[PDB]
Amino acid sequence: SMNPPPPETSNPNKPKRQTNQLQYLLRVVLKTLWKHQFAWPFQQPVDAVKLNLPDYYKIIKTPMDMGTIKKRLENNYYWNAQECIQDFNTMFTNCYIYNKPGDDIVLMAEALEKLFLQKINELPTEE
Ligand SMILES: COc1cc2c(cc1-c1c(C)noc1C)ncc1[nH]c(=O)n([C@H](C)c3ccccn3)c12
């Protein structure tokens with residue numbers, strides 16, 4: 001089984017803007033999650049070939065990872081902070097769907113999600 005192409009991280013036809021919330025998502029939320037000791041499996045797309053998971057992309061149809069989210073933020077791909085937050089949620093949800101409760105990767109995702117939610121709770125009001 002082949003890996004799909006990674007999610008799109010740039011599109012020159014999409015409009016671009018800077019907002020304080022998007023800045024916070026990059027400078028605070030992503031920065032904090034990236035350095036967490038359990039972040040490493042979430043820092044790039046799931047390579048189902050190398051991990052030998054032939055059913056991964058049969059089960060997960062909307063893949064997402066923090067490497068892709070990082071690239072989207074740096075490319076000004078997101079217009080709304082909500083789009084970025086949705087991508088984080090998709091990343092966590094995908095992990096919980098593919099894997100089983102109590103699995104190592106699930107416990108790792110749960111730790112990251114807790115931290116994510118703590119940082120999103122301090123998302124500044126739109127300027
Ligand atoms: C056991 O799950 C993974 C293990 C990964 C991974 C992605 C996943 C993963 C994620 C994330 N969501 O579904 C899967 C499957 N990406 C890279 C990577 N490098 C790497 O060595 N792993 C192993 C197998 C690992 C790490 C942590 C916990 C359990 N197993 C992994």
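All residue numbers refer to positions in the sequence shown, counting from 1. Order of appearance sets the numbers: ligands from 1, and atoms from 1 within every ligand. Computed over heavy atoms, backbone and side chain alike; hydrogens, waters and symmetry mates excluded.
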What are the atoms of ligand 1, with element, lying closer than 4.0 Å to any heavy atom of [X]?
X: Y56; answer: 13 (O)
X: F42; answer: 11 (C)
X: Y98; answer: 15 (C)
X: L51; answer: 5 (C), 6 (C), 7 (C), 16 (N), 31 (C)
X: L53; answer: 15 (C)
X: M108; answer: 27 (C), 28 (C)

Quick one: closest heavy-atom pair of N3 and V46, and the distance? OD1-O, 4.1 Å

Note, [X] side chain near [Y] side chain (heavy atom, < 4.5 Å):
X: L30; Y: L25; answer: no
X: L33; Y: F88; answer: yes
X: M64; Y: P7; answer: yes
X: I105; Y: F38; answer: no

Of the protein's non-hydrogen atoms, which lies at the shortest distance from [atom], and what is that distance?
atom: atom 29 (C) of ligand 1; result: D104 CB, 4.4 Å
atom: atom 10 (C) of ligand 1; result: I105 CG1, 3.8 Å
atom: atom 17 (C) of ligand 1; result: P41 CA, 3.9 Å

Give a yes/no verdict on whether any heavy atom in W40 is under 4.0 Å from an atom of ligand 1. yes

Can you check atom 23 (C) of ligand 1: any protein non-hydrogen atom closer than 4.0 Å? no

Do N80 side-chain atoms and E83 backbone N/O form a donor-acceptor pair below 3.5 Å? no

Any side-chain to backbone donor/acceptor pair from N75 onto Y77? Under 3.5 Å, distance only. no

For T9, which of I69, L73, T68 qualifies under side-chain contact (heavy atoms from CB on, under 4.5 Å)? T68

Got an N/O contact under 3.5 Å between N99 and ligand 1? yes

